[PDB]
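Novice: Before I ask anything, here is the structure I am working with.
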Protein chains: 2
Amino acid sequence: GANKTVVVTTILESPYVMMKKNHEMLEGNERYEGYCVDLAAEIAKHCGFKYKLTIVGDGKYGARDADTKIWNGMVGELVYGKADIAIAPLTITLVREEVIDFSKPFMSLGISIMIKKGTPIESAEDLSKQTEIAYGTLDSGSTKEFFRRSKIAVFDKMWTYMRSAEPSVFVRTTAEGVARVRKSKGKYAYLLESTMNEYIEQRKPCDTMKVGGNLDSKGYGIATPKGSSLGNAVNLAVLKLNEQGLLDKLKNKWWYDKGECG
Amino acid sequence: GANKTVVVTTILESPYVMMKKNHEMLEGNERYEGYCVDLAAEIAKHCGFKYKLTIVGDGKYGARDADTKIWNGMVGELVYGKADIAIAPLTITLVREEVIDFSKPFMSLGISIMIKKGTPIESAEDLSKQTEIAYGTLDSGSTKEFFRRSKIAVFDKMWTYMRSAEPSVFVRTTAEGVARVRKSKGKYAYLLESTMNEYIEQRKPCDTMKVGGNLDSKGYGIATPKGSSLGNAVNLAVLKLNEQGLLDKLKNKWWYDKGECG
Ligand SMILES: N[C@@H](Cn1c2c(c(=O)[nH]c1=O)CSC2)C(=O)O
Ligand SMILES: N[C@@H](Cn1c2c(c(=O)[nH]c1=O)CSC2)C(=O)O
Ligand SMILES: [Cl-]
Ligand SMILES: [Cl-]
């Protein structure tokens, strides 16, 4: 069985995957840039395969519909054989681990609070005790699911708040959440994964801040279909890249080396 | 094939596994206490197996002799079938991943610097540039191997320093390293995993401090023999315990709830 080009599924999400400014002049994988573009190339180099970057059709990370039992997002593309590997800020979770294979984490993170500078909030407990400062999450993904499924008193109270708050505290994209923080004069706080919070804190106009400790401790993993032979090699590649210091260099490149906030 | 009692290998290392003060009055698993004792019980409860805690014979975590190609430590006990699972502060590394299976991490950590309070050191770079303040690691394990194998200029210089420094800067146990920091009047700094550094910082006589950022970003994993059926279940149990908040509660219990330094 001859080797085939590996189909990678990913998602447009700065700074992980972005279309280059001059992408119309380019073709194939060269149209894209970012942390996960660089990571894909490093993994392919170490493992010795050719690959094609593709963008997940439905714009989702991965969840199972309770009624149809169908998996959507990048997880679904792996489950149904439409892609060979997912390389994205994809959180390792129990229900996802049951249906796909994950590498050991290439990045550690946790849920965190983004505020407009000057907002009198220091913690999740602070948020949970009040309603003047509205707060919410993406309307899809592991951050929302954290609150929806939590049995911890503070986070379950926060979820009950989010479901019943008006106007809706949910956002469709990271950009919408960040924009809402920036335009709401301190009256909206955004719950999001800490590494995204850190990235935005170093972007103009430098008006946001990460506050408080993380609410949990999770990781992003490279995902493959359950039992795929590619899985073992890619996991070893992640560990090698981490042990060589290259993952730390990649985060510095896309987060801090060109930070815009001094 | 009837079920059998699961043989767990672990290692005496505070606060992960300790013999209880009254252990002579007790028997079996009840002789022991600590973070990994509690974790083993939680994993066994979720997975529905009985188990026996045993202490690794050679007191090592796991490495392969370059000449004989024999694996020692807890990794060796798994490789050669002497134990079914290792539950310990065992770092997930590439060479270990090649021969045993690892769960996703139950704890995140990195190499860090422990100083006696008042030592004029803030970073690994600070240490690397001088010799008046001696510095070293355990004489076995992943922290030592980090320096021995590093191709990063600062850490390779530190390793060349450690090999050639007199008297020997290596220690046999965590307790020896901590004691050496405490007795050396600021002239010894100890390189060790960050969660151990954090634990000791909250122990009397409250004379040590963790300084600087971590040098790397790694995780501890539950280990099983390659291909063991127990591996999948235990990995799902780790993810469940993390998602329920129980791993965070376990760290707080053994690190901070009874911290001795205010
Ligand atoms: N990592 C999440 C998706 N996701 C992401 C971000 C966030 O803040 N929350 C969230 O749930 C910033 S990049 C992706 C998942 O795998 O579902
Ligand atoms: N986790 C290491 C062993 N190990 C440990 C500690 C440390 O500081 N360095 C180190 O290498 C404090 S508990 C165990 C390993 O798996 O080899
Ligand atoms: Cl092809
Ligand atoms: Cl038995």
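We name chains A, B, ... following the order of the structure tokens; residues begin at 1 in each chain, and ligands are numbered from 1 as shown.
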So which residues are near ligand 3, meaning at most 9 Å away with only C-alpha atoms and all ligand atoms counted, given back as a ChimeraX atom specification?
Specialist: /A:3-7,50-51
Novice: Kindly provide, as an MDAnalysis selection string, all nucleotide and amino acid residues lying within 7 Å of ligand 1, counting only C-alpha atoms and all ligand atoms.
Specialist: chainID A and resid 13 61:62 89:91 138 140:144 174 191:193 196 220
Novice: Any chance you could export the current selection's N, CA and C atoms as a PDB file, in the first residue's frame?
Specialist:
ATOM      1  N   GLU A  13      -8.443  30.340  13.265  1.00  0.00           N
ATOM      2  CA  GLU A  13      -8.494  30.836  14.637  1.00  0.00           C
ATOM      3  C   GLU A  13      -7.125  31.445  14.910  1.00  0.00           C
ATOM      4  N   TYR A  61     -15.358  22.454  16.875  1.00  0.00           N
ATOM      5  CA  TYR A  61     -14.258  21.652  17.409  1.00  0.00           C
ATOM      6  C   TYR A  61     -14.660  20.183  17.517  1.00  0.00           C
ATOM      7  N   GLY A  62     -15.755  19.886  18.223  1.00  0.00           N
ATOM      8  CA  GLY A  62     -16.275  18.528  18.214  1.00  0.00           C
ATOM      9  C   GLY A  62     -17.171  18.165  19.380  1.00  0.00           C
ATOM     10  N   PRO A  89      -6.305  24.092  18.170  1.00  0.00           N
ATOM     11  CA  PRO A  89      -6.420  24.232  19.641  1.00  0.00           C
ATOM     12  C   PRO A  89      -7.622  23.442  20.145  1.00  0.00           C
ATOM     13  N   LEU A  90      -7.458  22.121  20.115  1.00  0.00           N
ATOM     14  CA  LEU A  90      -8.514  21.150  20.368  1.00  0.00           C
ATOM     15  C   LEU A  90      -8.279  20.525  21.733  1.00  0.00           C
ATOM     16  N   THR A  91      -9.207  20.756  22.653  1.00  0.00           N
ATOM     17  CA  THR A  91      -9.022  20.349  24.039  1.00  0.00           C
ATOM     18  C   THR A  91      -9.237  18.851  24.194  1.00  0.00           C
ATOM     19  N   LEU A 138     -18.058  31.303  24.467  1.00  0.00           N
ATOM     20  CA  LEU A 138     -18.463  30.842  23.147  1.00  0.00           C
ATOM     21  C   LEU A 138     -19.738  30.015  23.243  1.00  0.00           C
ATOM     22  N   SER A 140     -20.305  27.340  21.609  1.00  0.00           N
ATOM     23  CA  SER A 140     -19.929  25.984  21.241  1.00  0.00           C
ATOM     24  C   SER A 140     -18.510  25.766  21.748  1.00  0.00           C
ATOM     25  N   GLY A 141     -18.214  24.548  22.172  1.00  0.00           N
ATOM     26  CA  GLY A 141     -16.853  24.172  22.501  1.00  0.00           C
ATOM     27  C   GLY A 141     -16.679  23.811  23.962  1.00  0.00           C
ATOM     28  N   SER A 142     -15.428  23.506  24.313  1.00  0.00           N
ATOM     29  CA  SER A 142     -15.175  22.923  25.623  1.00  0.00           C
ATOM     30  C   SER A 142     -15.330  23.939  26.754  1.00  0.00           C
ATOM     31  N   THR A 143     -15.146  25.237  26.492  1.00  0.00           N
ATOM     32  CA  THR A 143     -15.332  26.217  27.562  1.00  0.00           C
ATOM     33  C   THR A 143     -16.796  26.287  27.981  1.00  0.00           C
ATOM     34  N   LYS A 144     -17.703  26.371  27.007  1.00  0.00           N
ATOM     35  CA  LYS A 144     -19.126  26.331  27.321  1.00  0.00           C
ATOM     36  C   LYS A 144     -19.500  25.031  28.020  1.00  0.00           C
ATOM     37  N   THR A 174     -14.285  33.934  18.905  1.00  0.00           N
ATOM     38  CA  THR A 174     -13.361  34.640  19.785  1.00  0.00           C
ATOM     39  C   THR A 174     -13.357  36.132  19.488  1.00  0.00           C
ATOM     40  N   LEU A 191     -15.172  34.638  29.275  1.00  0.00           N
ATOM     41  CA  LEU A 191     -14.527  33.428  29.766  1.00  0.00           C
ATOM     42  C   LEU A 191     -13.994  32.644  28.574  1.00  0.00           C
ATOM     43  N   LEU A 192     -12.684  32.394  28.569  1.00  0.00           N
ATOM     44  CA  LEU A 192     -12.041  31.789  27.411  1.00  0.00           C
ATOM     45  C   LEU A 192     -10.758  31.097  27.847  1.00  0.00           C
ATOM     46  N   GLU A 193     -10.204  30.302  26.942  1.00  0.00           N
ATOM     47  CA  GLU A 193      -9.008  29.541  27.274  1.00  0.00           C
ATOM     48  C   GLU A 193      -7.817  30.473  27.455  1.00  0.00           C
ATOM     49  N   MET A 196      -5.467  31.897  24.716  1.00  0.00           N
ATOM     50  CA  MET A 196      -6.067  32.932  23.879  1.00  0.00           C
ATOM     51  C   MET A 196      -6.109  34.263  24.618  1.00  0.00           C
ATOM     52  N   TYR A 220      -4.299  20.859  24.972  1.00  0.00           N
ATOM     53  CA  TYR A 220      -4.609  20.623  23.568  1.00  0.00           C
ATOM     54  C   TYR A 220      -3.807  19.424  23.072  1.00  0.00           C
TER      55      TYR A 220
END
Novice: Just the alpha helix (DSSP H) stuff from region 44-225 of chain B, please, per backbone DSSP, written as a PyMOL selection string.
Specialist: chain B and resi 44-47+73-79+94-97+124-128+142-149+153-164+174-183+194-201
Novice: Only residues of chain A matter here; which ones have an atom within 10 Å of chain B, counting only C-alpha atoms? Give them as a PyMOL selection string.
Specialist: chain A and resi 92-95+97-98+102-108+146+149-152+215-219+221+232-233+235-245+247-248
Novice: Determine, counting only C-alpha atoms, which protein, DNA and RNA residues have an atom within 12 Å of an atom of residue 120 (chain A); residues of the same chain fewer than 6 positions away are not included. Present the result as an MDAnalysis selection string.
Specialist: chainID A and resid 114 126:127 130 132:133 185:189 209 211:212
Novice: My list of candidates is B:16, B:159, B:32, B:254. Which is closest to ligand 2 when distances are computed with only C-alpha atoms and all ligand atoms?
Specialist: B:16
Novice: I need the residue nearest residue 69 (chain B) from this list: B:147, B:228, B:99, B:1. Use only C-alpha atoms for the distance.
Specialist: B:99
Novice: Using only C-alpha atoms and all ligand atoms, find the one residue out of B:234, B:66, B:250, B:175 that sits nearest to ligand 2.
Specialist: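 Of the candidates, the smallest distance to ligand 2 is held by B:175.
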Novice: As a VMD selection string, please: all residues of region 57-179 of chain A that backbone DSSP puts in strand (DSSP E or B).
Specialist: chain A and resid 64 71 85 to 86 91 100 to 102 107 to 109 111 to 116 134 to 136 138 171
Novice: Which residues, written as a PDB file with N, CA, C and O atoms, in the first residue's frame, have at least one atom at most 8 Å from residue 214 (chain A), with only C-alpha atoms counted and residues fewer than 3 positions away on the same chain left out?
Specialist:
ATOM      1  N   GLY A 110      -5.985  26.634  30.660  1.00  0.00           N
ATOM      2  CA  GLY A 110      -7.172  26.509  31.483  1.00  0.00           C
ATOM      3  C   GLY A 110      -8.121  27.647  31.185  1.00  0.00           C
ATOM      4  O   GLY A 110      -7.736  28.659  30.593  1.00  0.00           O
ATOM      5  N   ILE A 111      -9.376  27.470  31.590  1.00  0.00           N
ATOM      6  CA  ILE A 111     -10.348  28.543  31.419  1.00  0.00           C
ATOM      7  C   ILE A 111      -9.962  29.726  32.300  1.00  0.00           C
ATOM      8  O   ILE A 111      -9.490  29.561  33.435  1.00  0.00           O
ATOM      9  N   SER A 112     -10.164  30.934  31.771  1.00  0.00           N
ATOM     10  CA  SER A 112      -9.677  32.161  32.384  1.00  0.00           C
ATOM     11  C   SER A 112     -10.656  33.289  32.087  1.00  0.00           C
ATOM     12  O   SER A 112     -11.535  33.166  31.229  1.00  0.00           O
ATOM     13  N   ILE A 113     -10.475  34.411  32.788  1.00  0.00           N
ATOM     14  CA  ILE A 113     -11.344  35.578  32.667  1.00  0.00           C
ATOM     15  C   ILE A 113     -10.604  36.692  31.937  1.00  0.00           C
ATOM     16  O   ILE A 113      -9.507  37.087  32.344  1.00  0.00           O
ATOM     17  N   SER A 194      -6.991  30.147  28.455  1.00  0.00           N
ATOM     18  CA  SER A 194      -5.996  31.086  28.955  1.00  0.00           C
ATOM     19  C   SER A 194      -4.992  31.489  27.885  1.00  0.00           C
ATOM     20  O   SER A 194      -4.529  32.634  27.866  1.00  0.00           O
ATOM     21  N   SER A 217      -7.371  22.875  34.497  1.00  0.00           N
ATOM     22  CA  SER A 217      -6.046  22.608  33.941  1.00  0.00           C
ATOM     23  C   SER A 217      -6.197  21.521  32.889  1.00  0.00           C
ATOM     24  O   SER A 217      -6.411  20.354  33.232  1.00  0.00           O
TER      25      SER A 217
END
Novice: So, counting only C-alpha atoms and all ligand atoms, which residue among B:19, B:41, B:87, B:153 is closest to ligand 2?
Specialist: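 The shortest atom-to-atom distance to ligand 2 comes from B:87.
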Novice: Please provide as a PDB file with N, CA, C and O atoms, in the first residue's frame all residues within 12 Å of residue 73 (chain A), with the sequence filter that same-chain residues fewer than 2 positions apart are discarded (counting only C-alpha atoms).
Specialist:
ATOM      1  N   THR A   9      -7.228  18.319   9.075  1.00  0.00           N
ATOM      2  CA  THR A   9      -8.329  19.243   9.315  1.00  0.00           C
ATOM      3  C   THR A   9      -7.914  20.225  10.404  1.00  0.00           C
ATOM      4  O   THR A   9      -7.261  19.852  11.385  1.00  0.00           O
ATOM      5  N   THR A  10      -8.248  21.491  10.194  1.00  0.00           N
ATOM      6  CA  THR A  10      -7.957  22.541  11.155  1.00  0.00           C
ATOM      7  C   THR A  10      -9.037  23.601  10.998  1.00  0.00           C
ATOM      8  O   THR A  10     -10.032  23.397  10.297  1.00  0.00           O
ATOM      9  N   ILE A  11      -8.845  24.740  11.650  1.00  0.00           N
ATOM     10  CA  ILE A  11      -9.892  25.749  11.751  1.00  0.00           C
ATOM     11  C   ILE A  11      -9.220  27.110  11.792  1.00  0.00           C
ATOM     12  O   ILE A  11      -8.126  27.257  12.341  1.00  0.00           O
ATOM     13  N   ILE A  55      -9.875  23.057   5.929  1.00  0.00           N
ATOM     14  CA  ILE A  55     -10.590  23.798   6.965  1.00  0.00           C
ATOM     15  C   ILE A  55     -11.911  23.096   7.246  1.00  0.00           C
ATOM     16  O   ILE A  55     -12.700  22.846   6.327  1.00  0.00           O
ATOM     17  N   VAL A  56     -12.156  22.793   8.523  1.00  0.00           N
ATOM     18  CA  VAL A  56     -13.331  22.021   8.902  1.00  0.00           C
ATOM     19  C   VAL A  56     -14.592  22.710   8.397  1.00  0.00           C
ATOM     20  O   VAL A  56     -14.777  23.921   8.573  1.00  0.00           O
ATOM     21  N   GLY A  57     -15.486  21.927   7.791  1.00  0.00           N
ATOM     22  CA  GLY A  57     -16.622  22.509   7.090  1.00  0.00           C
ATOM     23  C   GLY A  57     -17.591  23.261   7.987  1.00  0.00           C
ATOM     24  O   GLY A  57     -18.095  24.320   7.609  1.00  0.00           O
ATOM     25  N   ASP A  58     -17.880  22.724   9.174  1.00  0.00           N
ATOM     26  CA  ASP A  58     -18.918  23.301  10.027  1.00  0.00           C
ATOM     27  C   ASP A  58     -18.384  24.261  11.087  1.00  0.00           C
ATOM     28  O   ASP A  58     -19.173  24.782  11.886  1.00  0.00           O
ATOM     29  N   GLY A  59     -17.081  24.523  11.106  1.00  0.00           N
ATOM     30  CA  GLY A  59     -16.542  25.521  12.003  1.00  0.00           C
ATOM     31  C   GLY A  59     -16.582  25.156  13.465  1.00  0.00           C
ATOM     32  O   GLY A  59     -16.536  26.048  14.316  1.00  0.00           O
ATOM     33  N   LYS A  60     -16.644  23.869  13.788  1.00  0.00           N
ATOM     34  CA  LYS A  60     -16.752  23.431  15.169  1.00  0.00           C
ATOM     35  C   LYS A  60     -15.586  22.533  15.558  1.00  0.00           C
ATOM     36  O   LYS A  60     -14.906  21.946  14.709  1.00  0.00           O
ATOM     37  N   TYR A  61     -15.358  22.454  16.875  1.00  0.00           N
ATOM     38  CA  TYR A  61     -14.258  21.652  17.409  1.00  0.00           C
ATOM     39  C   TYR A  61     -14.660  20.183  17.517  1.00  0.00           C
ATOM     40  O   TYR A  61     -14.017  19.313  16.922  1.00  0.00           O
ATOM     41  N   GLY A  62     -15.755  19.886  18.223  1.00  0.00           N
ATOM     42  CA  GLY A  62     -16.275  18.528  18.214  1.00  0.00           C
ATOM     43  C   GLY A  62     -17.171  18.165  19.380  1.00  0.00           C
ATOM     44  O   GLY A  62     -16.741  18.167  20.536  1.00  0.00           O
ATOM     45  N   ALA A  63     -18.425  17.839  19.074  1.00  0.00           N
ATOM     46  CA  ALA A  63     -19.391  17.415  20.073  1.00  0.00           C
ATOM     47  C   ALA A  63     -20.372  16.464  19.408  1.00  0.00           C
ATOM     48  O   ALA A  63     -20.513  16.442  18.181  1.00  0.00           O
ATOM     49  N   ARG A  64     -21.063  15.683  20.238  1.00  0.00           N
ATOM     50  CA  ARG A  64     -22.001  14.669  19.778  1.00  0.00           C
ATOM     51  C   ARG A  64     -23.421  15.137  20.059  1.00  0.00           C
ATOM     52  O   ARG A  64     -23.757  15.457  21.203  1.00  0.00           O
ATOM     53  N   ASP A  65     -24.250  15.175  19.021  1.00  0.00           N
ATOM     54  CA  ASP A  65     -25.654  15.518  19.200  1.00  0.00           C
ATOM     55  C   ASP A  65     -26.344  14.434  20.022  1.00  0.00           C
ATOM     56  O   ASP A  65     -26.256  13.246  19.701  1.00  0.00           O
ATOM     57  N   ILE A  70     -24.615  11.945  16.273  1.00  0.00           N
ATOM     58  CA  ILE A  70     -23.627  12.292  15.256  1.00  0.00           C
ATOM     59  C   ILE A  70     -22.619  13.273  15.840  1.00  0.00           C
ATOM     60  O   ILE A  70     -22.984  14.226  16.536  1.00  0.00           O
ATOM     61  N   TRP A  71     -21.341  13.037  15.538  1.00  0.00           N
ATOM     62  CA  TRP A  71     -20.250  13.912  15.939  1.00  0.00           C
ATOM     63  C   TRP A  71     -20.043  15.002  14.896  1.00  0.00           C
ATOM     64  O   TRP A  71     -19.963  14.713  13.695  1.00  0.00           O
ATOM     65  N   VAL A  75     -13.594  16.708  15.324  1.00  0.00           N
ATOM     66  CA  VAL A  75     -13.726  15.354  15.854  1.00  0.00           C
ATOM     67  C   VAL A  75     -14.560  14.508  14.902  1.00  0.00           C
ATOM     68  O   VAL A  75     -14.186  13.381  14.553  1.00  0.00           O
ATOM     69  N   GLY A  76     -15.687  15.054  14.436  1.00  0.00           N
ATOM     70  CA  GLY A  76     -16.510  14.335  13.479  1.00  0.00           C
ATOM     71  C   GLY A  76     -15.770  13.990  12.200  1.00  0.00           C
ATOM     72  O   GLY A  76     -15.907  12.885  11.674  1.00  0.00           O
ATOM     73  N   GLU A  77     -14.975  14.926  11.675  1.00  0.00           N
ATOM     74  CA  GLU A  77     -14.241  14.610  10.454  1.00  0.00           C
ATOM     75  C   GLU A  77     -13.312  13.422  10.663  1.00  0.00           C
ATOM     76  O   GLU A  77     -13.136  12.610   9.748  1.00  0.00           O
ATOM     77  N   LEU A  78     -12.732  13.276  11.853  1.00  0.00           N
ATOM     78  CA  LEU A  78     -11.899  12.108  12.118  1.00  0.00           C
ATOM     79  C   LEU A  78     -12.750  10.856  12.276  1.00  0.00           C
ATOM     80  O   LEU A  78     -12.437   9.799  11.714  1.00  0.00           O
ATOM     81  N   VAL A  79     -13.830  10.960  13.056  1.00  0.00           N
ATOM     82  CA  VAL A  79     -14.680   9.813  13.358  1.00  0.00           C
ATOM     83  C   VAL A  79     -15.233   9.195  12.081  1.00  0.00           C
ATOM     84  O   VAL A  79     -15.326   7.967  11.960  1.00  0.00           O
ATOM     85  N   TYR A  80     -15.615  10.027  11.113  1.00  0.00           N
ATOM     86  CA  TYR A  80     -16.244   9.547   9.887  1.00  0.00           C
ATOM     87  C   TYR A  80     -15.258   9.407   8.734  1.00  0.00           C
ATOM     88  O   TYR A  80     -15.676   9.127   7.606  1.00  0.00           O
ATOM     89  N   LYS A  82     -13.175  11.558   7.184  1.00  0.00           N
ATOM     90  CA  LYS A  82     -13.016  12.641   6.222  1.00  0.00           C
ATOM     91  C   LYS A  82     -11.669  13.336   6.340  1.00  0.00           C
ATOM     92  O   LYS A  82     -11.273  14.066   5.424  1.00  0.00           O
ATOM     93  N   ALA A  83     -10.974  13.144   7.457  1.00  0.00           N
ATOM     94  CA  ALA A  83      -9.629  13.660   7.646  1.00  0.00           C
ATOM     95  C   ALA A  83      -8.808  12.609   8.380  1.00  0.00           C
ATOM     96  O   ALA A  83      -9.348  11.735   9.062  1.00  0.00           O
ATOM     97  N   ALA A  86      -6.222  15.948  13.027  1.00  0.00           N
ATOM     98  CA  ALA A  86      -6.683  17.288  13.359  1.00  0.00           C
ATOM     99  C   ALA A  86      -5.582  17.988  14.141  1.00  0.00           C
ATOM    100  O   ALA A  86      -5.090  17.451  15.140  1.00  0.00           O
ATOM    101  N   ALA A  88      -5.069  21.611  15.781  1.00  0.00           N
ATOM    102  CA  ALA A  88      -5.866  22.778  16.133  1.00  0.00           C
ATOM    103  C   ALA A  88      -5.830  22.962  17.645  1.00  0.00           C
ATOM    104  O   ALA A  88      -5.339  22.080  18.361  1.00  0.00           O
ATOM    105  N   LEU A  90      -7.458  22.121  20.115  1.00  0.00           N
ATOM    106  CA  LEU A  90      -8.514  21.150  20.368  1.00  0.00           C
ATOM    107  C   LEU A  90      -8.279  20.525  21.733  1.00  0.00           C
ATOM    108  O   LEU A  90      -7.279  19.831  21.939  1.00  0.00           O
ATOM    109  N   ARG A  96     -14.455  13.069  24.075  1.00  0.00           N
ATOM    110  CA  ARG A  96     -13.729  13.016  22.808  1.00  0.00           C
ATOM    111  C   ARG A  96     -12.718  11.870  22.803  1.00  0.00           C
ATOM    112  O   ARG A  96     -12.566  11.171  21.794  1.00  0.00           O
ATOM    113  N   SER A 140     -20.305  27.340  21.609  1.00  0.00           N
ATOM    114  CA  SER A 140     -19.929  25.984  21.241  1.00  0.00           C
ATOM    115  C   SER A 140     -18.510  25.766  21.748  1.00  0.00           C
ATOM    116  O   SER A 140     -17.705  26.700  21.766  1.00  0.00           O
ATOM    117  N   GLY A 141     -18.214  24.548  22.172  1.00  0.00           N
ATOM    118  CA  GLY A 141     -16.853  24.172  22.501  1.00  0.00           C
ATOM    119  C   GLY A 141     -16.679  23.811  23.962  1.00  0.00           C
ATOM    120  O   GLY A 141     -17.621  23.805  24.755  1.00  0.00           O
TER     121      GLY A 141
END
Novice: Can you tell me, as a list in words, what residues are no more than 10 Å from residue 163 (chain A) when counting only C-alpha atoms, ignoring any on the same chain fewer than 6 positions away?
Specialist: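 Result of the neighbour search: residues 136, 148, 169 and 170 of chain A.
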Novice: Can you write out the residues you just picked, keeping C-alpha atoms, as a short mmCIF file (atom, residue, chain, number, x, y, z; two decimals), in the first residue's frame?
Specialist:
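So the final result, stored in part25.cif, reads:
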data_model
loop_
_atom_site.label_atom_id
_atom_site.label_comp_id
_atom_site.auth_asym_id
_atom_site.auth_seq_id
_atom_site.Cartn_x
_atom_site.Cartn_y
_atom_site.Cartn_z
CA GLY A 136 -20.27 34.53 29.00
CA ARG A 148 -22.87 23.30 31.33
CA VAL A 169 -24.05 36.49 27.01
CA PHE A 170 -22.83 33.97 24.43
#
Novice: Of the candidates B:134, B:210, B:256, B:84, which one gets nearest to residue 122 (chain B) if we count only C-alpha atoms?
Specialist: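 Among the listed residues, B:210 lies closest to residue 122 (chain B).
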